[PDB]
């Protein structure tokens, strides 16, 4: 199961596009300020900037540095918990990620990244 898909309000769409037009590669600071300004969690803002870049460069090929998120510290205690879940299922649904996020105190968006990196290497 996936997370329930969002549907943007006209007010939100216009703010995403107006910001994208000035900087298609925003940092964590720009993403977080925009996310709270429009009432959307920052992870979904990031997902949109990745998607919007895809369809822009996709269409540009048919027609024609900001600071990153600060590194998330992961204790050996939480890594062991993540690693036991990983050996059972490598593609946890949103429920299983929100579960592990609750048990670790880490943001669910970072659990999703951890499983992406762990699958590609182990």
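Numbering follows the first chain given and starts at 1.
**Q** Which is higher on average in the deposited entry, the C-alpha temperature factors of 40-48 or of 80-88?
**A** In the deposited entry, the stretch with the higher C-alpha B-factor mean is 80-88.
**Q** What stretch has the higher average Cα B-factor here, 53-61 or 25-33?
**A** If you average the C-alpha B-factors of 53-61 and of 25-33, the larger mean comes out for 53-61.
**Q** What third of its chain, lowest, middle or highest, does the C-alpha temperature factor of residue 109 fall into?
**A** Tercile = lowest for this residue's CA B-factor.
**Q** Ranked by Cα temperature factor within the chain, is residue 103 in the lowest third, the middle third or the highest third?
**A** Residue 103: CA B-factor falls in the highest third of its chain.
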